[PDB]
Amino acid sequence: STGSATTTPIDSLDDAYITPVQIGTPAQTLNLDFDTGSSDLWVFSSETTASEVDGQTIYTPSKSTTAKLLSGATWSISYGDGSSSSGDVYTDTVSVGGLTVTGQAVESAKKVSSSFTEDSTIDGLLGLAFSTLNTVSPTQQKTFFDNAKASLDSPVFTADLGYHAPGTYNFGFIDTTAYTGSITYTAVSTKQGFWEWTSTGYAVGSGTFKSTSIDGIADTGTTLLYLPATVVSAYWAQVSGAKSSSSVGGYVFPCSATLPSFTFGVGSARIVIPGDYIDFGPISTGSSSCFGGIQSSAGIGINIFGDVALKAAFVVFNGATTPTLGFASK
């Protein structure tokens, strides 16, 4: 089997991407944030504290003839950005772009933190990291990809995120028309539960490539590119007026600037992030100070190849016995 679904930016800045997901019988379609940095499929629901719902579409398990309460199971998650959610668990039928899993754990939120409430465009998350990170207790549950894997034509999924435009998540096949050149594959460590790999270096604009190992995670659920302070400083030094602002919480730059590209290495291959991808717009409405899309990972504890990086590539998440990651230009 295979599946194919369009993923759409939630706003004009590509702050996140939503992908429609069919849950239950009859289908209830929710727009989920596909997150390769976490491993829970959770949804706003009829069980969510009413005051914490503000425009999201909810899953109502009582209206699904295939929903079954997973007795005694609860979940609770906290994300790198400080947000959180928690609740109980059903199993139900879940379909993405034509690919169906029966008996998928659907984690129904009873509580969500303010940032989820405040974002009316995201109805929940669909985790695509390794199932070892799944928070369901007392019996850990598998991700949608883990449940689908054996049935897929090939045990892979691909992320093709657009810049200011829709893109595609594919399951079970590689669309050879969706990228240019070849796909370069690189080793993955699953020891922390992430799609963790080592970039071979970077360049700023038309500058020379610096060969240096950068360990980080391919994370579709993080907006920006988080890299070591040395790398980030080298990037922003090429932008007149750019500075790290403690009060704003990262590097800012004059909105009048033309940003240089940023290149990262995948083995001997190179992925070029155009400058415009690094502009996240005014820090506050009407400001001429703009927020940068490359920021320091110092204090996160890990480097994160988030959407800013991934959207410059066609990315293969290869879930073979020994997982690998593939990157192609597009």
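Mapping of the sequence shown onto mature numbering (1 follows the signal peptide of the UniProt record, and there is no 0): position 209 corresponds to residue 278, and the numbering continues sequentially without gaps.
Backbone N, C-alpha and C fix where the C-beta goes; we use that ideal spot for every residue, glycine too.
Item	Value
In terms of alpha-carbon separation, which member of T76, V163 and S366 lies closest to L110?	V163
Our contact map puts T105 next to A198 with C-beta atoms below 8 Å; I'd like the distance itself, whole angstroms only.	6 Å
Any contact of the stretch 216 to 225 with the stretch 276 to 288, i.e. 3+ C-beta pairs under 8 Å?	no
Please report how far the alpha carbon of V317 lies from the alpha carbon of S366, in whole angstroms.	16 Å
What whole-angstrom Cβ distance do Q173 and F213 have, given they're in contact under 8 Å?	6 Å
If the criterion is Cβ atoms closer than 7 Å, does the pair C359 and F322 meet it?	yes
Do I369 and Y271 have their C-beta atoms closer together than 7 Å?	no
Report the option in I373, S356, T246 and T354 whose CA atom is closest to the CA atom of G362.	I373
Does DSSP put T299 in a helix, a strand or coil?	helix
Pull up the CB-CB distance for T71 and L168, whole angstroms please, since I reckon it's below 8 Å.	6 Å
Would you list the residues sitting across from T393 in a DSSP beta bridge?	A256 and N387
Any idea which residues DSSP pairs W266 with across the strands?	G285
Would you list, in sequence order, the uninterrupted alpha helix (DSSP H) runs of no fewer than 4 residues that lie entirely inside the stretch 186 to 234?	213 to 217
Classify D83: buried if its beta carbon has 16 or more other beta carbons within 10 angstroms, exposed otherwise.	buried
In the DSSP assignment, find the beta strand (DSSP E) that holds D83 and state where it starts and stops.	No beta strand (DSSP E) contains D83, which DSSP labels as neither H nor E.
Please work out which residues of its chain come closer than 7 Å, Cβ to Cβ, to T393, disregarding the five sequence neighbours upstream and downstream, and give them in chain order.	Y254, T255, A256, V257 and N387
In whole angstroms, give me the CA-to-CA distance for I252 and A228.	13 Å
Applying the criterion that 16 or more other CB atoms from any shown protein chain within 10 Å of the CB defines a buried residue, is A142 buried or exposed?	buried
Considering only the alpha carbon of each residue, which of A338, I87, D80 and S183 lies closest to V165?	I87
Could you tell me whether the Cβ atoms of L139 and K380 are closer together than 7 Å?	no
Compute the beta-carbon to beta-carbon distance between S177 and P130, rounded to the nearest angstrom, for a pair I have assumed lies under 8 Å.	6 Å
Which residues does DSSP list as the beta-bridge partners of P95?	Per DSSP, none; premise fails for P95.
Please report how far the alpha carbon of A303 lies from the alpha carbon of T204, in whole angstroms.	38 Å
Around the Cβ of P78, are there at least 16 other Cβ atoms within 10 angstroms (buried) or fewer (exposed)?	buried
Go through its chain and collect everything with a Cβ distance to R339's Cβ below 6 Å, but skip five positions before and after it.	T332
How far does the beta strand (DSSP E) with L110 in it extend, from its first residue to its last?	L110 to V112
Roughly how many whole angstroms lie between the Cα atoms of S73 and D80?	22 Å
Per DSSP, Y320 forms a beta bridge with which residues?	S313
Give the range of the beta strand (DSSP E) segment to which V181 is assigned.	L168 to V181
How about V181 and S147: do their beta carbons lie closer than 7 Å?	no
Excluding five sequence neighbours on each side, which residues of the same chain lie with their C-beta closer than 7 Å to the C-beta of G336?	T253, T255 and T269
What is the rounded straight-line gap between the Cα of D376 and the Cα of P89?	18 Å
Looking only at its chain, what residues have a beta carbon closer than 8 Å to the beta carbon of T135, apart from the 5 residues adjacent to it on each side?	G93, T94, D161, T162 and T171
I need the DSSP call for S184, collapsed to helix, strand or coil.	helix
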